[PDB]
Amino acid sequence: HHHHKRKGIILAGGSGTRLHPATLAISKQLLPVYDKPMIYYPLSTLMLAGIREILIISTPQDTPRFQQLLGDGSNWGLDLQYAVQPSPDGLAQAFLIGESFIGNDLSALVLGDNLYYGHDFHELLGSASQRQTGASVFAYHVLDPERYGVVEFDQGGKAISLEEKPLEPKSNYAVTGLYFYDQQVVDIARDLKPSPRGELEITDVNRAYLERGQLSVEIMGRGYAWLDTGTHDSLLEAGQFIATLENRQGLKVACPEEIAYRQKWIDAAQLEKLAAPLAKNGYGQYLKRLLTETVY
């Protein structure tokens, strides 16, 4: 072999019957947060990290619906592929479903219902994606760490334990649903035995890296918003939050067409074509405005 890449995965799985009847009509990650499908937010997040080749994993039934929404990604300078997940057998199954997609490359895994926002988010992601070996996760202070993977730190700020959804959390630092992995993750994932609750657990993957001294735990500061979108109440809260920001600024959070344009993955002519069919609504008008307005 001769030399002359980091690939993305969005787990947009079946949310069961938890949000029914809202979700009888459509899968969770197709429901909007304010003005855009939920999946726009994690997609935009991977895009901000510089990732163009992205696998979307969803149920057999939802796959064609995501495909209708997003296509192959080529209109936005992306290469979107799709894989079906028959059964909800944990998040780490992503690496077995996505094995041939990842191949010998670096990877990033993001949850389809996580929403992130803040200043220099691009730089926070960039430094995780820059580490070409080991694994990188983000820790975020929350009120309810028991709902998440929880990280414990020693007095010098070094991570010393990870626990999946502990009933007695060692700290208030939750591991966010955005993970950066090197080439070892698939082989780590293949050795996972399902948990007491019958799932292949992402926390076990992360603990394998930690045990090898190869896990970076970066703090995602309190000046960032990490919002969850998996209850009716939290989905509503997330929409209000985005609406308040966007209406204040006259700028959008997680507009994929914008992010592709600013990454130079598409050019001004291409953005104009995307603006055309959306011209009679605010979204297409927004895209048109980006062709002439300097936004810092």
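One-based numbering along the sequence shown. Throughout, rigid core stands for the largest set of C-alpha atoms superposing within 1.5 Å between the two forms.
Peer 1: Which of the two stretches, 195 to 203 or 175 to 183, moves more in 8 other deposited structures of this protein when the core is held fixed, judged by C-alpha RMS distance?
Peer 2: Output: 195 to 203, the stretch lying farther off on average in 8 other deposited structures of this protein.
Peer 1: If the other structures are each fit on the rigid core, which stretch ends up farther away in C-alpha terms in 8 other deposited structures of this protein, 249 to 257 or 227 to 235?
Peer 2: More C-alpha displacement in 8 other deposited structures of this protein shows up in 227 to 235.
Peer 1: How many residues that are in the deposited sequence but not in the model lie between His4 and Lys5: none, 1 to 3, 4 to 9, or 10 or more?
Peer 2: Unmodelled stretch: 4 to 9 residues.
Peer 1: Highest mean C-alpha temperature factor of the two stretches 261 to 269 and 234 to 242, which is it?
Peer 2: Mean CA B-factor is higher for 261 to 269.
Peer 1: Output the stretch having the higher mean C-alpha B factor in the entry; the candidates are 224 to 232 and 34 to 42.
Peer 2: According to the PDB entry, the answer is 224 to 232.
Peer 1: In terms of CA temperature factor as recorded, identify the highest of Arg131, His141, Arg147, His119.
Peer 2: Across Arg131, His141, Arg147, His119, the entry lists the biggest C-alpha B-factor for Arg131.
Peer 1: With respect to the C-alpha temperature factors reported in the PDB entry, which of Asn206, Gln85, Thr176, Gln81 ranks highest?
Peer 2: Out of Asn206, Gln85, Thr176, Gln81, the record gives the largest C-alpha B-factor to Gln85.
Peer 1: Would you please rank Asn75 by its C-alpha temperature factor against the other modelled residues of its chain and give the third it falls in: lowest, middle or highest?
Peer 2: Its C-alpha B-factor belongs to the middle third of this chain's values.
Peer 1: Looking at the C-alpha B-factor of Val110, is it in the lowest, middle or highest third of its chain?
Peer 2: As the PDB entry reports it, the C-alpha B-factor of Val110 lands in the middle third of its chain.
Peer 1: Would you please rank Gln61 by its C-alpha temperature factor against the other modelled residues of its chain and give the third it falls in: lowest, middle or highest?
Peer 2: Its C-alpha B-factor belongs to the middle third of this chain's values.
Peer 1: Could you place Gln183 in the lowest, middle or highest third of its chain by Cα temperature factor, using the values in the record?
Peer 2: Its C-alpha B-factor belongs to the highest third of this chain's values.
Peer 1: Splitting the chain's C-alpha B-factors into thirds, which one does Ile97 fall into?
Peer 2: For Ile97, the deposited C-alpha B-factor lands in the highest third.
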